[PDB]
Every structure is written in structure tokens, then in C-alpha cells.
Trainee: 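Below you will find the structure I want to go over with you.
All values below were derived from every heavy atom in this structure, side-chain atoms included, with hydrogens, water molecules and symmetry-related copies excluded. The sequence lines fix the lettering, A, B, ..., with proteins before strands; numbering per chain opens at 1.
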Amino acid sequence: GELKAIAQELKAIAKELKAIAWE
Amino acid sequence: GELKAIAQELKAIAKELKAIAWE
Amino acid sequence: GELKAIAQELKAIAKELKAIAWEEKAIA
Amino acid sequence: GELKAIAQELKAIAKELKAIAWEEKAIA
Ligand SMILES: [N+]
Ligand SMILES: [N+]
Ligand SMILES: [N+]
Ligand SMILES: [N+]
């Protein structure tokens with residue numbers, strides 16, 4: 001449900017932050 | 001670096017939120 | 001600008017999680 | 001209580017990300 005969709009949002013954000021770390 | 005450690009924090013949180021969804 | 005937008009998104013999620021928690025509490 | 005603590009953690013991370021962004025900006 002909602003909490004799973006938010007969890008997926010947080011994992012998407014984790015990938016953005018890693019991409020920012022390395023750019 | 002910092003942003004990777006924060007990304008790992010967000011992935012840990014995503015797993016907590018999924019566990020909360022299903023309990 | 002990118003990190004600042006992600007920061008707003010996390011604050012928005014925090015508010016959403018408190019709304020979810022409150023609704024669960026209310027219902028039970 | 002668990003979702004409320006996670007919400008505080010996300011708000012804390014948001015502040016940390018703005019501090020990181022600002023330091024990068026300052027330095028450049
Ligand atoms: N949920
Ligand atoms: N970093
Ligand atoms: N945002
Ligand atoms: N917390």
C-alpha cells in the first residue's frame with residue numbers, strides 16, 4: 001500500500017543521492 | 001562519502017516502512 | 001538546487017508519514 | 001511512534017542535505 005510506495009520513493013531518492021555524490 | 005551513507009540510511013528506512021506496512 | 005529539492009521531498013514525506021500514523025491511531 | 005520517529009529522521013536528513021548543498025555552494 002501507501003507505505004510501500006513511499007519506501008519505493010525513498011529507494012529512488014537513495015539512487016539520486018549516490019548519483020549526486022559521484023558527479 | 002556522506003551522500004552515499006545517507007542513501008544507505010534511506011534504503012534502511014524503506015525496509016522499515018515496508019515492514020510497518022505488512023505487520 | 002537538486003539536494004535542496006530532495007530535502008523538500010523528504011520533509012514532505014515526513015508530513016505524509018505523520019498523517020498515515022495519525023489515521024492508523026485514530027482508526028484504532 | 002515508529003512512523004513518527006522515522007518522520008523526525010527524514011526531517012533531520014533534509015537539514016543535513018541542505019547543510020551539504022550549502023557547503024558545496026560556498027566552496028564553489
Ligand atoms: N500502507
Ligand atoms: N558525499
Ligand atoms: N522538491
Ligand atoms: N527519530
Side-chain angles (χ1 to χ4, degrees):
Chain A
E2 186 46 15
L3 290 177
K4 181 180 179 195
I6 294 170
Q8 290 174 337
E9 186 178 5
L10 293 184
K11 290 172 73 183
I13 295 168
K15 301 180 174 229
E16 289 176 327
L17 286 186
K18 289 212 209 157
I20 295 166
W22 284 108
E23 86 177 335
Chain B
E2 186 46 15
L3 290 177
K4 181 180 179 195
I6 294 170
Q8 290 174 337
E9 186 178 5
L10 293 184
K11 290 172 73 183
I13 295 168
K15 301 180 174 229
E16 289 176 327
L17 286 186
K18 289 212 209 157
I20 295 166
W22 284 108
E23 86 177 335
Chain C
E2 191 172 355
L3 285 172
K4 181 88 165 75
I6 294 173
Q8 182 291 308
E9 182 175 8
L10 293 178
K11 294 189 67 162
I13 294 166
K15 280 172 73 180
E16 289 158 8
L17 288 182
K18 296 200 253 190
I20 294 174
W22 179 250
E23 290 198 54
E24 290 183 355
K25 270 203 97 269
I27 288 168
Chain D
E2 191 172 355
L3 285 172
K4 181 88 165 75
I6 294 173
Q8 182 291 308
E9 182 175 8
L10 293 178
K11 294 189 67 162
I13 294 166
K15 280 172 73 180
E16 289 158 8
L17 288 182
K18 296 200 253 190
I20 294 174
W22 179 250
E23 290 198 54
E24 290 183 355
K25 270 203 97 269
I27 288 168

Trainee: Test of understanding: with side chain to side chain contact (heavy atoms under 4.5 Å, CB included), list the residues that count as partners of C/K18, not counting sequence neighbours.
Mentor: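 Here the qualifying residues are D/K4, D/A7, D/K11.
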Trainee: Under the rule for side chain to side chain contact (heavy atoms under 4.5 Å, CB included), what residues qualify as partners of B/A21, not counting sequence neighbours?
Mentor: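 Applying side chain to side chain contact (heavy atoms under 4.5 Å, CB included) to B/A21 gives A/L3.
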Trainee: To the closest 0.5 Å, what do you measure between CD1 (B/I6) and CD1 (A/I13)?
Mentor: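 If we round to the nearest 0.5 Å, B/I6:CD1 and A/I13:CD1 are 12.0 Å apart.
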Trainee: About how many Å separate CG of A/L17 and CG of D/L17, when rounded to the nearest 0.5 Å?
Mentor: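 Those atoms lie 5.5 Å apart.
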Trainee: Please round to the nearest 0.5 Å and tell me the distance separating atom CD of C/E9 and atom CG of D/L10.
Mentor: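 Here the interatomic distance stands at 10.5 Å.
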Trainee: Among residues at least two apart in sequence or on other chains, which ones pass side chain to side chain contact (heavy atoms under 4.5 Å, CB included) with D/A12?
Mentor: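 Side chain to side chain contact (heavy atoms under 4.5 Å, CB included) check on D/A12 returns D/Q8, D/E16.
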Trainee: Between atom CD of B/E23 and atom CD of D/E2, what is the distance when rounded to the nearest 0.5 Å?
Mentor: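 Spacing of CD (B/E23) from CD (D/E2) equals 6.5 Å.
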